[PDB]
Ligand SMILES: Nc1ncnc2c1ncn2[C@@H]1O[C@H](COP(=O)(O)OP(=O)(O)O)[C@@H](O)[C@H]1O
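Heads up, the chain below is alone and in the form deposited without the named molecule; it's given as C-alpha cells.
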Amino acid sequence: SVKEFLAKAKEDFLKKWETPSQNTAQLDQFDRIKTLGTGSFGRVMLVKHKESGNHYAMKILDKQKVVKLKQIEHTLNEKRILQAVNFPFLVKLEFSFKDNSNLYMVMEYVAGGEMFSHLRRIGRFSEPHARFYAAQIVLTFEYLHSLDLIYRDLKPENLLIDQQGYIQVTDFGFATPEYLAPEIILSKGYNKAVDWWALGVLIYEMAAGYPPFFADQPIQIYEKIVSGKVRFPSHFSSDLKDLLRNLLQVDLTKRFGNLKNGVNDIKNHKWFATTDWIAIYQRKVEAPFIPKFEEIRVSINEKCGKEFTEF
C-alpha cells in the first residue's frame, strides 16, 4: 500500500534531483504586498501571483552577498533539494528564478497560522484531534527518512495550518531545550531516530498542553530528558501513555521507529488503530479545525552569472 507508494515518490524525487527545473517564472508575474521578514541575503515577501491570485512567500537573495559570505554551495544545494521534494505536508518551493542582481525562491504561503496558536487557545487537544496531526507528522518523517533526510530540530512555530486544516511544515532545514533529544545532549551524535523522540515530545505537548520535560534551569531540564523518567497526566489514555513510553525511549536501540520493524511499529500501535493512513495522506479526512477566512533594486548588468548557472 504505502510501501508501494513511497518508492515511487522516491523514484519521482530522484528524477527531479538528477534533472533540476530552473527559471520557472519571473518577478513581474507577481504583486508584492508586504515584507514577512529578513534573512541574511534579502527580505522575504508576501506576494500574490497575478494570474492565479494565489499567495506566496518570495525569499530574495542578493547574489553578491551570497558570494561574499561563501554560501554559494549551500544555496544551490538548498534549492536543488527543494525543487526536488514534493509532499502534501511539506511547504513546497513552487517557483525559482534569477535576474541580474538577485535569486528568488517562491514558497507556498500558509495563511492559517501556527497550530500552537490553537493549542494555546484551547488549552490542549483531545486525543483524536492530536492523533490527526501526529499522523501527518509521522508520514512526513517516514518520507524524509526514505530520502535519507532528517528533521532533527523541533520548532513547533514551523508547524502551520492550511486553508483546509492540515499541516504544512515550513522552514525545512536541509543544508529549544525542551525538545532536545537525549543523544544530542550526550553529544553522542544522531540519526533518523531523533525524529521519533521529537514526535514523542510533540504528541505529548499536544495532548498535555505542556512539554514533557521542563524546569527552571536548562541543566535541570537535560537531566530529566537524559534520566528518561516522564510523568504522564491523569487523563492520557493507556495507549497514549504506552506509545510515548516507547517514543520517549532514552535507549536509542529501544526507541520505536528505530526498531528492526522500523516506522511500522508506530503506524500499527493500538493508539493508531483508528487511523486511516491512506485517507489522511489523501487529505480526505475531516479536519478538526478550519481557520478564519517593497521596491527591488536590480542592476542593469548581470552579476555573478557564472556562480549561479546551476540555479
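Just count from 1 along the sequence shown to find any residue number. Whichever C-alpha set is largest while still superposing within 1.5 Å between the two forms counts as the rigid core.
Form deposited with the named molecule bound: not shown, discussed below.
Per the 4.5 Å heavy atom criterion, the named molecule in the bound PDB entry is contacted by stretch 107 to 115, the sole one of 178 to 186, 227 to 235, 107 to 115, 200 to 208. Among heavy atoms of residue 33, none comes within 4.5 Å of the named molecule in the bound PDB entry. Taking non-hydrogen atoms only, residue 130 never approaches the named molecule to within 4.5 angstroms in the bound PDB entry. A residue is said to contact a partner when one of its heavy atoms sits within 4.5 Å of a partner heavy atom; residue 167 fails this definition for the named molecule in the bound PDB entry, lying far away. When contacts are judged by a 4.5 Å heavy atom cut-off, residue 250 does not count as touching the named molecule in the bound PDB entry.
Note on the partner interface in the bound PDB entry: the residue among 274, 52, 268, 40 having a heavy atom within 4.5 angstroms of the named molecule is 40. Exactly one listed residue, out of 134, 194, 119, 160, brings a non-hydrogen atom to within 4.5 Å of the named molecule in the bound PDB entry: 160. Residues from 54 to 77 that approach the named molecule in the bound PDB entry with a non-hydrogen atom closer than or equal to 4.5 Å are 57, 59, in the order they occur in the chain. Only 26, out of 26, 268, 282, 274, shows a C-alpha shift of 2 Å or more between the shown form and the other one on alignment of the rigid core.
In this overlay on the rigid core, residue 229 has a C-alpha that sits less than 2 Å away from its partner position between the shown form and the other one. Once both forms are fitted on their rigid core, the CA atom of residue 241 lies less than 2 Å apart between the shown form and the other one. With the core superposed, residue 78 shows a C-alpha displacement of at least 2 Å between the shown form and the other one.
An increase of at least 3 Å in the separation of the C-alpha atoms of residue 286 and residue 53 is found in the bound PDB entry, compared with the displayed form. If you compare C-alpha positions, residue 113 and residue 42 are 3 angstroms or more closer together in the bound PDB entry than in the form on display.
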